[PDB]
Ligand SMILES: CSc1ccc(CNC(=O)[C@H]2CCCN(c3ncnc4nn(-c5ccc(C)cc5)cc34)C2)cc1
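Single chain ahead, by itself, as structure tokens, in the form solved without the named molecule.
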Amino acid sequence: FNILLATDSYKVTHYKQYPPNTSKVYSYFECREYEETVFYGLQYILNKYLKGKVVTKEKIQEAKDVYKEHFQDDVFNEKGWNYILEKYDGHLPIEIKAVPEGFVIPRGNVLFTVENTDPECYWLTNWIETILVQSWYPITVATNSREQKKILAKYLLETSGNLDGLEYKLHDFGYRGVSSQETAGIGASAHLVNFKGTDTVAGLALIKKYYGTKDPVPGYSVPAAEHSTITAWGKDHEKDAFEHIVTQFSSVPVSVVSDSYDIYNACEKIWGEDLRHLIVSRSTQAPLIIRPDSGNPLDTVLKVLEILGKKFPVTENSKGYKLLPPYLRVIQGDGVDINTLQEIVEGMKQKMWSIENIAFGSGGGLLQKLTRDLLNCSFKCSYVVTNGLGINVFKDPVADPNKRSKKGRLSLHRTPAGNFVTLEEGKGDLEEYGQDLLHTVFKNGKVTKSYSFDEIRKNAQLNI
């Protein structure tokens, strides 16, 4: 990895475009006006990519050679990079202040600020815009996952009177559905801010290396079938496949995909009659988890529940909702996103089924079908020093008021009613609003303040 080659190409030319006599460029990130966002993932980027000796003679030469060919021209700021190598032994003269990881912040507030600590390095602040803005991704996954947690909490509480098992109700299925190995780990770690169930193994190492937990691992799985393990037995032998698998995993929870040929027949005839004796004997700690995986997600869940409620003893919980026996549960892992998850839990409640009966698995919906535009994540220059005088800078495009940026030096505060406000134009220095919530997390090549994964989960909790 070479930080000199990890920026937008045009940024290589910006050192020639800023006003002459500029000693400071100060910039910030917001989720510009999903009304509150979980701030998570910066600490990964600081440690992986930004800290320590990030400039060498060799990286400067490599970048010089690449850009000469890429631009067909000599624009690369070799002198500038060489200055960092010589003066700071290749450590970035940059200060970053950030809201603590896990904090839940309303849209349109400063989440982090970036400035150069040496007047020579005025061009560096926005050099690293590209890498820092990629923080949009763990923010958005963390945020969208917690929004699904809110829906789940709401309906579980209404239909059952409590929140037991909430943290295992949305399982990460997204390893194959994301764009790379690196994305898989980052995305999976972001979902684990809110939940404990994951099949995206990549998230575990990332958390362990960059954040840390008191517990051995941040996330858990159970044995589960896929279509190749059912279909390999041949179409006439689905029953043999189910029997083999549940007997193999007789003492732990086991998920068994049941829609290879006909989900309704598998529920009613195979699980519900032929193998019923191998199900009713299971423990509460080792249920059979039937997994439908096709058809309209709502229609299918409701029909599976209807089938099972006719073949197995249903109870009615204290809220008046129907409950399968403890040895039997359902996971819907197909077509799951925040919209369809809401549609399913609502349709269930309508039909008097407890949300206790159901869990969800989500791949693409959870980890891939998200953009930097969902929370309008943007990084803008708001303050510069030119000729030793500070000036408040911003954009305000005529045809789009929603692209207006903030002015001057920024700080984030609690309001008297306990909300948040971002103070502009260095007004936080007036101290009318208690103390700035942004803390220095990076300064001059060093990570200066870290958060464990345990503190992040605590910060990101739901109210209730």
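In case it trips you up, residue 1 is the first one in the sequence shown, and so on.
This next part talks about the form solved in complex with the named molecule, which is not shown.
Placing the named molecule onto this chain by superimposing the site C-alphas, using its pose in the deposited complex, gives no ligand atom within 2.4 angstroms of backbone or C-beta atoms, which makes the site open. Screening 304-312, 349-357, 78-86, 139-147 for residues having heavy atoms within 4.5 Å of the named molecule in the deposited complex returns a single hit, 349-357. Out of the listed residues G272, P253, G90, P93, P253 is the one that sits within 4.5 Å of the named molecule in the deposited complex by at least one heavy atom.
Checked against the named molecule in the deposited complex, the residues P297, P287, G102, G185 give one hit for a heavy atom within 4.5 Å, which is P287. Though the partner is left out of this view, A205 does not reach within 4.5 Å of the named molecule in the deposited complex, counting heavy atoms only.
Although the partner is absent here, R282 is not a contact residue: none of its heavy atoms lies within 4.5 angstroms of the named molecule in the deposited complex.
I331 belongs to the set of residues with a heavy atom inside 4.5 Å of the named molecule in the deposited complex. In the deposited complex, the named molecule lies farther than 4.5 Å from every heavy atom of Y261. Along 166-192, these residues reach a heavy atom to within 4.5 Å of the named molecule in the deposited complex: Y168, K169, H171, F173.
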